[PDB]
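A.B. asks: The following file, start-v6.cif, comprises mmCIF, C-alpha atoms and all ligand atoms:
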```cif
data_entry
loop_
_atom_site.label_atom_id
_atom_site.label_comp_id
_atom_site.auth_asym_id
_atom_site.auth_seq_id
_atom_site.Cartn_x
_atom_site.Cartn_y
_atom_site.Cartn_z
CA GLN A 1 -10.21 12.40 -7.57
CA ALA A 2 -7.13 13.87 -5.84
CA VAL A 3 -3.68 13.96 -7.43
CA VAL A 4 -0.53 13.22 -5.46
CA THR A 5 2.55 15.34 -6.18
CA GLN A 6 6.20 14.36 -5.73
CA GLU A 7 9.40 16.09 -6.96
CA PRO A 8 10.37 14.36 -10.19
CA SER A 9 14.05 14.42 -9.26
CA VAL A 10 16.34 15.11 -6.34
CA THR A 11 20.09 14.93 -5.67
CA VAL A 12 22.15 14.30 -2.53
CA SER A 13 25.80 13.87 -1.59
CA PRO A 14 26.85 10.58 0.00
CA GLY A 15 26.68 11.52 3.67
CA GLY A 16 24.10 14.21 2.96
CA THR A 17 20.51 14.63 4.13
CA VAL A 18 17.70 15.06 1.61
CA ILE A 19 13.96 15.62 2.04
CA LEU A 20 11.39 14.19 -0.34
CA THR A 21 7.85 15.50 -0.18
CA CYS A 22 4.44 14.19 -1.07
CA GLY A 23 1.49 16.53 -1.50
CA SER A 24 -2.25 16.16 -2.09
CA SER A 25 -4.07 18.40 -4.60
CA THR A 26 -7.11 18.62 -2.28
CA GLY A 27 -5.44 19.99 0.84
CA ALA A 28 -2.96 19.53 3.67
CA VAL A 29 -2.00 15.97 4.57
CA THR A 30 -3.10 15.58 8.18
CA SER A 31 -3.38 12.73 10.68
CA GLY A 32 -5.86 10.13 9.40
CA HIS A 33 -4.58 10.75 5.90
CA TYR A 34 -1.84 8.12 5.72
CA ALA A 35 1.38 8.38 3.73
CA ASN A 36 3.35 5.29 2.69
CA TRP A 37 6.81 5.34 1.14
CA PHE A 38 8.40 2.73 -1.11
CA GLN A 39 11.88 2.37 -2.54
CA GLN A 40 12.30 1.02 -6.07
CA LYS A 41 15.50 0.10 -7.93
CA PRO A 42 15.51 -0.85 -11.61
CA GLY A 43 14.99 -4.57 -12.19
CA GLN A 44 14.06 -5.07 -8.52
CA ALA A 45 10.78 -5.34 -6.65
CA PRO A 46 9.94 -2.20 -4.70
CA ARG A 47 10.31 -2.37 -0.92
CA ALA A 48 7.92 -0.73 1.55
CA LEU A 49 9.75 1.66 3.93
CA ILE A 50 7.17 3.78 5.82
CA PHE A 51 3.47 3.32 6.62
CA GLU A 52 0.94 5.54 8.46
CA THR A 53 3.13 8.55 7.65
CA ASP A 54 5.84 7.94 10.24
CA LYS A 55 5.99 4.21 11.13
CA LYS A 56 8.86 1.96 9.99
CA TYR A 57 9.09 -1.72 9.19
CA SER A 58 11.63 -3.90 10.98
CA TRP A 59 13.74 -3.79 7.80
CA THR A 60 13.66 0.02 7.40
CA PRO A 61 17.08 1.58 8.05
CA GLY A 62 16.96 4.25 10.77
CA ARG A 63 18.38 6.68 8.18
CA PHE A 64 14.85 6.85 6.75
CA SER A 65 12.28 8.93 8.61
CA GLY A 66 8.70 9.91 7.75
CA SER A 67 6.83 13.01 8.94
CA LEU A 68 4.37 15.76 8.12
CA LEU A 69 6.14 18.84 6.74
CA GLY A 70 3.87 21.84 6.31
CA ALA A 71 0.91 20.65 4.28
CA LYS A 72 2.80 17.67 2.87
CA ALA A 73 4.12 14.28 3.91
CA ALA A 74 7.91 14.04 3.95
CA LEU A 75 10.54 11.32 3.76
CA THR A 76 13.87 12.42 5.23
CA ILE A 77 16.92 10.40 4.23
CA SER A 78 19.92 11.20 6.37
CA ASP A 79 23.45 9.91 5.87
CA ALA A 80 22.64 9.08 2.26
CA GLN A 81 24.36 5.97 0.90
CA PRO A 82 25.15 4.91 -2.66
CA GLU A 83 22.61 2.10 -2.18
CA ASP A 84 19.94 4.76 -1.55
CA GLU A 85 19.99 5.78 -5.20
CA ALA A 86 16.52 4.71 -6.29
CA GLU A 87 13.04 5.85 -7.23
CA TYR A 88 10.96 6.75 -4.15
CA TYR A 89 7.18 6.49 -4.40
CA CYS A 90 4.64 7.81 -1.93
CA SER A 91 1.01 6.86 -1.62
CA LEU A 92 -1.62 8.84 0.27
CA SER A 93 -4.51 6.81 1.66
CA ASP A 94 -7.94 7.65 3.12
CA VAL A 95 -11.61 6.78 2.63
CA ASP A 96 -11.54 8.43 -0.81
CA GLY A 97 -8.68 6.43 -2.26
CA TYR A 98 -5.24 4.94 -2.06
CA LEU A 99 -3.31 7.16 -4.48
CA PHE A 100 0.27 7.04 -5.78
CA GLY A 101 2.54 9.96 -6.56
CA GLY A 102 4.67 9.95 -9.72
CA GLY A 103 7.81 9.03 -7.80
CA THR A 104 11.07 10.86 -7.06
CA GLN A 105 14.34 9.75 -8.65
CA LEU A 106 17.03 10.17 -6.00
CA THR A 107 20.57 10.51 -7.31
CA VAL A 108 23.50 9.99 -4.98
CA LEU A 109 26.72 11.68 -6.10
CA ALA B 2 7.96 -14.73 -6.58
CA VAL B 3 4.37 -14.12 -7.62
CA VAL B 4 1.20 -13.26 -5.76
CA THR B 5 -1.84 -15.22 -6.87
CA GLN B 6 -5.53 -14.42 -6.49
CA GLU B 7 -8.66 -16.11 -7.91
CA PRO B 8 -9.49 -14.44 -11.20
CA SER B 9 -13.15 -14.14 -10.23
CA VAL B 10 -15.69 -15.19 -7.64
CA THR B 11 -19.40 -14.64 -7.10
CA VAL B 12 -21.51 -14.07 -4.04
CA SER B 13 -25.26 -13.64 -3.50
CA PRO B 14 -26.66 -10.65 -1.61
CA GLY B 15 -26.30 -11.32 2.10
CA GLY B 16 -23.97 -14.23 1.23
CA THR B 17 -20.44 -14.97 2.45
CA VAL B 18 -17.46 -15.26 0.12
CA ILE B 19 -13.74 -15.81 0.68
CA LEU B 20 -10.97 -14.40 -1.47
CA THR B 21 -7.40 -15.60 -1.11
CA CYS B 22 -3.91 -14.34 -1.75
CA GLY B 23 -1.01 -16.79 -2.02
CA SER B 24 2.75 -16.61 -2.56
CA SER B 25 4.34 -18.73 -5.30
CA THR B 26 7.32 -19.52 -3.04
CA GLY B 27 5.88 -20.52 0.35
CA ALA B 28 3.15 -20.16 2.96
CA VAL B 29 1.99 -16.65 3.77
CA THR B 30 2.59 -15.70 7.40
CA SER B 31 2.00 -12.59 9.50
CA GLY B 32 5.50 -11.48 8.47
CA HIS B 33 4.13 -10.91 4.95
CA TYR B 34 1.87 -8.01 5.99
CA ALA B 35 -1.00 -8.87 3.60
CA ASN B 36 -2.97 -5.76 2.43
CA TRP B 37 -6.34 -5.73 0.63
CA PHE B 38 -7.74 -3.04 -1.64
CA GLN B 39 -11.16 -2.52 -3.23
CA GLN B 40 -11.57 -0.96 -6.67
CA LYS B 41 -14.49 -0.13 -8.94
CA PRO B 42 -13.96 0.70 -12.64
CA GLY B 43 -13.12 4.37 -13.16
CA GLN B 44 -12.67 4.81 -9.39
CA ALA B 45 -9.60 5.04 -7.21
CA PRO B 46 -8.94 1.86 -5.27
CA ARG B 47 -9.43 2.19 -1.48
CA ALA B 48 -7.33 0.37 1.14
CA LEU B 49 -9.41 -1.98 3.37
CA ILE B 50 -7.03 -4.24 5.35
CA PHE B 51 -3.39 -3.99 6.40
CA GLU B 52 -1.04 -6.23 8.43
CA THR B 53 -3.18 -9.22 7.42
CA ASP B 54 -6.14 -8.53 9.69
CA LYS B 55 -6.15 -4.83 10.71
CA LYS B 56 -8.93 -2.51 9.45
CA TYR B 57 -9.16 1.23 8.81
CA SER B 58 -11.85 3.41 10.40
CA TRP B 59 -13.61 3.36 7.00
CA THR B 60 -13.49 -0.45 6.56
CA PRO B 61 -16.95 -2.03 6.87
CA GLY B 62 -17.23 -4.63 9.63
CA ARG B 63 -18.37 -7.06 6.90
CA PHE B 64 -14.74 -7.37 5.73
CA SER B 65 -12.16 -9.38 7.68
CA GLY B 66 -8.64 -10.53 6.92
CA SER B 67 -7.04 -13.73 8.17
CA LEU B 68 -4.52 -16.39 7.27
CA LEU B 69 -6.20 -19.43 5.78
CA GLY B 70 -4.07 -22.43 4.97
CA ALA B 71 -0.86 -21.17 3.41
CA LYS B 72 -2.59 -18.03 2.13
CA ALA B 73 -3.91 -14.65 3.22
CA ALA B 74 -7.72 -14.40 3.01
CA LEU B 75 -10.36 -11.69 2.86
CA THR B 76 -13.78 -12.79 4.07
CA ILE B 77 -16.77 -10.69 3.04
CA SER B 78 -19.89 -11.49 5.06
CA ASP B 79 -23.47 -10.33 4.48
CA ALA B 80 -22.43 -9.16 1.01
CA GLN B 81 -23.95 -5.97 -0.42
CA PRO B 82 -24.48 -4.89 -4.01
CA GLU B 83 -21.86 -2.18 -3.45
CA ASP B 84 -19.25 -4.85 -2.65
CA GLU B 85 -19.14 -5.68 -6.36
CA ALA B 86 -15.63 -4.62 -7.32
CA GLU B 87 -12.11 -5.75 -8.13
CA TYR B 88 -10.19 -6.80 -4.98
CA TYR B 89 -6.38 -6.61 -4.92
CA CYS B 90 -4.03 -8.01 -2.31
CA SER B 91 -0.39 -7.13 -1.81
CA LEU B 92 2.21 -9.11 0.10
CA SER B 93 5.17 -7.31 1.65
CA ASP B 94 8.48 -8.18 3.36
CA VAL B 95 12.16 -7.28 3.27
CA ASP B 96 12.40 -8.85 -0.23
CA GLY B 97 9.72 -6.67 -1.73
CA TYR B 98 6.16 -5.44 -2.02
CA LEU B 99 4.08 -7.29 -4.63
CA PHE B 100 0.48 -7.00 -5.86
CA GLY B 101 -1.66 -9.96 -6.83
CA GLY B 102 -3.48 -9.93 -10.17
CA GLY B 103 -6.81 -9.05 -8.60
CA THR B 104 -10.12 -10.82 -8.05
CA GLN B 105 -13.33 -9.68 -9.71
CA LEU B 106 -16.17 -10.09 -7.23
CA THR B 107 -19.66 -10.24 -8.72
CA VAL B 108 -22.63 -9.77 -6.39
CA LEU B 109 -25.79 -11.40 -7.77
CA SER B 110 -28.89 -9.23 -8.17
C1 LIG C 1 -8.23 16.38 -0.23
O1 LIG C 1 -9.63 16.16 -0.22
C2 LIG C 1 -10.06 14.97 -0.88
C3 LIG C 1 -11.57 14.81 -0.70
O2 LIG C 1 -12.23 16.07 -0.70
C4 LIG C 1 -9.33 13.74 -0.34
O3 LIG C 1 -9.42 12.71 -1.29
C5 LIG C 1 -7.85 13.98 -0.08
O4 LIG C 1 -7.32 12.90 0.65
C6 LIG C 1 -7.60 15.31 0.64
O5 LIG C 1 -8.19 15.33 1.93
#
```
Go ahead and render the structure in this file as structure tokens.
C.D. replies:
Amino acid sequence: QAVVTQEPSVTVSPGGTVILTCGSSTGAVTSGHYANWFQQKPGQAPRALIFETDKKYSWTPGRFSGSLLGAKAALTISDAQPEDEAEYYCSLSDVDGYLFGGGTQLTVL
Amino acid sequence: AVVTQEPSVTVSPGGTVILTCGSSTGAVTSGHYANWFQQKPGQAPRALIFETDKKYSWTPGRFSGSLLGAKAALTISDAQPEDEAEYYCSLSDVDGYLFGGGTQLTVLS
């Protein structure tokens, strides 16, 4: 079974741009291997932000963008806001499993 | 709000069974993006359905998602022994992404 890897922690300046990444232990994340991103604040339900690696929901701020970066999936957060301070989880999905990473704590300073 | 699924259901081989996924606060609509997942003990769950009724390239034609009454529904037709598994649904909108408690499907031998 594959293991999904996310940075445990990242920091950004309000106004800044930060990149969060999501890797698979079994190889490069390519098309057909779907990444989903979720935002989670303490005491709140998580919210889905990205699906199929780069697609947004109607409630996803344009500041959030998904892509493939090298062999990994990436979530780019531009124009960081105080409200963006949260845990960000990625899942990688294909015929072999729908697998969660350990999450990235984003800190906005 | 809470997502509710039947604790357990049974189907005979070649039989048809329906599993449902309801919201404790209102009727499920297309705007809830119902997802379904299949999981066998000691195995990774696999995604089967997204956006209520959309399938992946690895989703068997036997599985279909719909809205049924005020709930999301997964219909499994011509059931196979390998369909025995725990089935999870998730409901998702701007207010959050929530999993149901899961339905144990038994396929009779
Ligand atoms: C690495 O390879 C495994 C299967 O060999 C997949 O589960 C994973 O998604 C990635 O392709």
A.B. asks: Write out as JSON, numbers by chain which residues come within 8 Å of stretch 59-72 of chain A when counting only C-alpha atoms, dropping same-chain ones fewer than 5 positions away.
C.D. replies: {"A": [21, 22, 23, 24, 27, 28, 29, 30, 49, 50, 53, 54, 77, 78, 79, 80], "B": [95]}
A.B. asks: Between atom CA of residue B:36 and atom CA of residue A:102, what is the distance in Å, rounded to a tenth?
C.D. replies: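 Going from atom CA of residue B:36 over to atom CA of residue A:102 covers 21.3 Å.
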A.B. asks: Quick one, how far is atom CA of residue A:56 from atom CA of residue A:107?
C.D. replies: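 Atom-to-atom, atom CA of residue A:56 and atom CA of residue A:107 are spaced 22.6 Å apart.
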A.B. asks: Return as AutoDock Vina command-line options the centre and edge lengths, in Å with one decimal, of the box along x, y and z that encloses every atom of ligand LIG 1 (chain C) in the file, padded by 4 Å per side.
C.D. replies:
```
--center_x -9.8 --center_y 14.5 --center_z 0.3 --size_x 12.9 --size_y 11.7 --size_z 11.2
```
A.B. asks: Which is closer to chain B than all the others in A:2, A:12, A:106, A:45, using only C-alpha atoms?
C.D. replies: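 Of A:2, A:12, A:106, A:45, the one nearest chain B, counting only C-alpha atoms, is A:45.
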A.B. asks: Do a neighbour search on residue A:97 at 10 Å with only C-alpha atoms, toss out local chain neighbours closer than 3 positions, and write the hits as a PyMOL selection string.
C.D. replies: (chain A and resi 1-2+91-94+100) or (chain B and resi 38-40+44-48)
A.B. asks: Return the single residue from A:88, A:37, A:98, A:51 that is closest to chain B, with distances computed using only C-alpha atoms.
C.D. replies: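 For chain B, the nearest of the candidates is A:98.
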A.B. asks: Select, as a ChimeraX atom specification, those residues of chain B with any atom no more than 12 Å from chain A (distances computed using all atoms listed in the file).
C.D. replies: /B:2-3,32-34,36-41,43-52,56-61,89,91-100
A.B. asks: Using all atoms listed in the file, find the one residue out of A:36, A:76, A:26, A:81 that sits nearest to ligand LIG 1 (chain C).
C.D. replies: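 The closest residue to ligand LIG 1 (chain C) is A:26.
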A.B. asks: So, counting only C-alpha atoms, which residue among A:101, A:41, A:20, A:55 is closest to residue A:86?
C.D. replies: A:41
A.B. asks: Would you mind putting N, CA, C and O atoms back on stretch 40-56 of chain A and writing the result as a PDB file, in the frame of the given file?
C.D. replies:
```
ATOM      1  N   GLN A  40      12.306   1.861  -4.880  1.00  0.00           N
ATOM      2  CA  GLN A  40      12.300   1.020  -6.070  1.00  0.00           C
ATOM      3  C   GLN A  40      13.574   1.191  -6.899  1.00  0.00           C
ATOM      4  O   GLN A  40      13.859   2.282  -7.390  1.00  0.00           O
ATOM      5  N   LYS A  41      14.342   0.113  -7.036  1.00  0.00           N
ATOM      6  CA  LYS A  41      15.500   0.100  -7.930  1.00  0.00           C
ATOM      7  C   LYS A  41      15.144  -0.575  -9.257  1.00  0.00           C
ATOM      8  O   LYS A  41      14.221  -1.392  -9.321  1.00  0.00           O
ATOM      9  N   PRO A  42      15.866  -0.228 -10.334  1.00  0.00           N
ATOM     10  CA  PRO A  42      15.510  -0.850 -11.610  1.00  0.00           C
ATOM     11  C   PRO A  42      15.783  -2.356 -11.587  1.00  0.00           C
ATOM     12  O   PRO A  42      16.773  -2.811 -11.004  1.00  0.00           O
ATOM     13  N   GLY A  43      14.872  -3.122 -12.176  1.00  0.00           N
ATOM     14  CA  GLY A  43      14.990  -4.570 -12.190  1.00  0.00           C
ATOM     15  C   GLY A  43      14.671  -5.258 -10.870  1.00  0.00           C
ATOM     16  O   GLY A  43      14.683  -6.485 -10.803  1.00  0.00           O
ATOM     17  N   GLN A  44      14.391  -4.486  -9.822  1.00  0.00           N
ATOM     18  CA  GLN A  44      14.060  -5.070  -8.520  1.00  0.00           C
ATOM     19  C   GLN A  44      12.629  -4.786  -8.096  1.00  0.00           C
ATOM     20  O   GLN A  44      12.010  -3.828  -8.563  1.00  0.00           O
ATOM     21  N   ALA A  45      12.094  -5.618  -7.210  1.00  0.00           N
ATOM     22  CA  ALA A  45      10.780  -5.340  -6.650  1.00  0.00           C
ATOM     23  C   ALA A  45      10.907  -4.116  -5.746  1.00  0.00           C
ATOM     24  O   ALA A  45      11.953  -3.902  -5.135  1.00  0.00           O
ATOM     25  N   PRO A  46       9.850  -3.299  -5.663  1.00  0.00           N
ATOM     26  CA  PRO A  46       9.940  -2.200  -4.700  1.00  0.00           C
ATOM     27  C   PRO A  46       9.861  -2.766  -3.291  1.00  0.00           C
ATOM     28  O   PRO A  46       9.364  -3.884  -3.097  1.00  0.00           O
ATOM     29  N   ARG A  47      10.372  -2.007  -2.332  1.00  0.00           N
ATOM     30  CA  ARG A  47      10.310  -2.370  -0.920  1.00  0.00           C
ATOM     31  C   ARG A  47       9.518  -1.295  -0.195  1.00  0.00           C
ATOM     32  O   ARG A  47       9.705  -0.117  -0.466  1.00  0.00           O
ATOM     33  N   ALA A  48       8.631  -1.695   0.713  1.00  0.00           N
ATOM     34  CA  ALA A  48       7.920  -0.730   1.550  1.00  0.00           C
ATOM     35  C   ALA A  48       8.882  -0.240   2.636  1.00  0.00           C
ATOM     36  O   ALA A  48       9.620  -1.044   3.216  1.00  0.00           O
ATOM     37  N   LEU A  49       8.890   1.070   2.889  1.00  0.00           N
ATOM     38  CA  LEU A  49       9.750   1.660   3.930  1.00  0.00           C
ATOM     39  C   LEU A  49       8.994   2.289   5.109  1.00  0.00           C
ATOM     40  O   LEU A  49       9.401   2.138   6.256  1.00  0.00           O
ATOM     41  N   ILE A  50       7.931   3.032   4.814  1.00  0.00           N
ATOM     42  CA  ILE A  50       7.170   3.780   5.820  1.00  0.00           C
ATOM     43  C   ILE A  50       5.689   3.514   5.615  1.00  0.00           C
ATOM     44  O   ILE A  50       5.238   3.370   4.474  1.00  0.00           O
ATOM     45  N   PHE A  51       4.932   3.411   6.708  1.00  0.00           N
ATOM     46  CA  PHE A  51       3.470   3.320   6.620  1.00  0.00           C
ATOM     47  C   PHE A  51       2.860   4.244   7.680  1.00  0.00           C
ATOM     48  O   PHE A  51       3.548   4.621   8.626  1.00  0.00           O
ATOM     49  N   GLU A  52       1.595   4.626   7.510  1.00  0.00           N
ATOM     50  CA  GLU A  52       0.940   5.540   8.460  1.00  0.00           C
ATOM     51  C   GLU A  52       1.799   6.773   8.719  1.00  0.00           C
ATOM     52  O   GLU A  52       1.940   7.219   9.861  1.00  0.00           O
ATOM     53  N   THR A  53       2.396   7.288   7.645  1.00  0.00           N
ATOM     54  CA  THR A  53       3.130   8.550   7.650  1.00  0.00           C
ATOM     55  C   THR A  53       4.490   8.517   8.332  1.00  0.00           C
ATOM     56  O   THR A  53       5.482   8.984   7.759  1.00  0.00           O
ATOM     57  N   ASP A  54       4.562   7.948   9.534  1.00  0.00           N
ATOM     58  CA  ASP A  54       5.840   7.940  10.240  1.00  0.00           C
ATOM     59  C   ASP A  54       6.317   6.603  10.837  1.00  0.00           C
ATOM     60  O   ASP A  54       7.320   6.573  11.535  1.00  0.00           O
ATOM     61  N   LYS A  55       5.612   5.508  10.564  1.00  0.00           N
ATOM     62  CA  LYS A  55       5.990   4.210  11.130  1.00  0.00           C
ATOM     63  C   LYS A  55       6.896   3.407  10.205  1.00  0.00           C
ATOM     64  O   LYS A  55       6.703   3.414   8.992  1.00  0.00           O
ATOM     65  N   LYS A  56       7.888   2.720  10.777  1.00  0.00           N
ATOM     66  CA  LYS A  56       8.860   1.960   9.990  1.00  0.00           C
ATOM     67  C   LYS A  56       8.594   0.469  10.082  1.00  0.00           C
ATOM     68  O   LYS A  56       7.988  -0.007  11.039  1.00  0.00           O
TER      69      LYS A  56
END
```
